[PDB]
Each structure stands twice: as structure tokens, then as C-alpha cells.
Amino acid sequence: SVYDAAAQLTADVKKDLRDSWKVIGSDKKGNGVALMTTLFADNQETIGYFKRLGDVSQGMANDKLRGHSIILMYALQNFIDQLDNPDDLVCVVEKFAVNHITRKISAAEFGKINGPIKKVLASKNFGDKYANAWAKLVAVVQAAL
């Protein structure tokens, strides 16, 4: 359930999430496009879903992909800001879950973002500790799918 998943975000997890978000959230365009191109390069089978964004190999030059990527980083901004209150974190998680359920994205396929996040964190010198904290936040969205 989303409520049990949300209960796993302990004080330490929340701390690691905010501390890493301080660094990767400072460049939403850059790290957002980085997240997306790493997803597509590492998991080429997901590109079919992003048919509306056109030629994703163009990266930053693709205006629809740049728009999409910035907006995705504000969804993560939103989750970080709701960590104090689990009732609000769950209702924004469930709204974004609906946007993925209508695109037929399963929990397993949503989980493919963990690889990209681990990599962008590692290029900013945030290791496995931080990648695991973010995997727990992704798990809250997965519970809603």
C-alpha cells in the first residue's frame, strides 16, 4: 500500500533525500535531461512510451524533451516538499501515479528509473546510500501503480 510505503521514509531517509536534492535539484534542466537520456540509453525498450516527445536522441536540443524533463524535476521537488506530511505526500503521489497508469506504466517499469537516479547521483559524488534513499521514495510511487 502507498501508506505503508510512505511509512518507510524514516528520519534518516528523509535527511538523505533533502541533502542530495539540495545538489541535484539546483539544476533542474541539466539533471532532468540527464535522467531521461540515461533512462533511454540504458533501457531502450522504454522509448516507445515517449512517442509524443519525438526524437529523444536529440537530448537537450529537443524542446519537448527539455520541457518534459524540467517538469519531472518539479514533480520530485514536490515530493521532497511533502516529506513532513504523509497525507499530502500520498495524494500528490497518487495523482502522478494516475498519469502513469493511463500510459500503462507498471510498477516494475517505473522502477527502471532507479538506475538513472543512481547514475546521476554518482556523477555528483552521492553514493549507494543516497541511491537507496531515493529507491525508497520511488517505491512509494510504485505502490500506487
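All residue numbers are counted from 1 along the displayed sequence.
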Task: Given 51-59 and 27-35, the range whose Cα B-factors average higher in the PDB entry - done: 51-59
Open item on the list: I need to verify one thing: averaged over C-alpha atoms only, is the B-factor higher for 132-140 or for 6-14?
Closed with: 6-14
- [ ] Between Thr102, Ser106, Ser69, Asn78, let me know which has the highest C-alpha B-factor in the entry?
- [x] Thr102
Open item on the list: Taking only the Cα B-factors deposited for this chain, tell me whether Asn114 sits in the lowest, middle or highest third.
Closed with: middle
Open item on the list: Looking at the temperature factor on the CA atom of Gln82, which third of the chain's modelled residues does it land in?
Closed with: lowest
Task: Among modelled residues of the same chain, the CA temperature factor third for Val93 - done: lowest
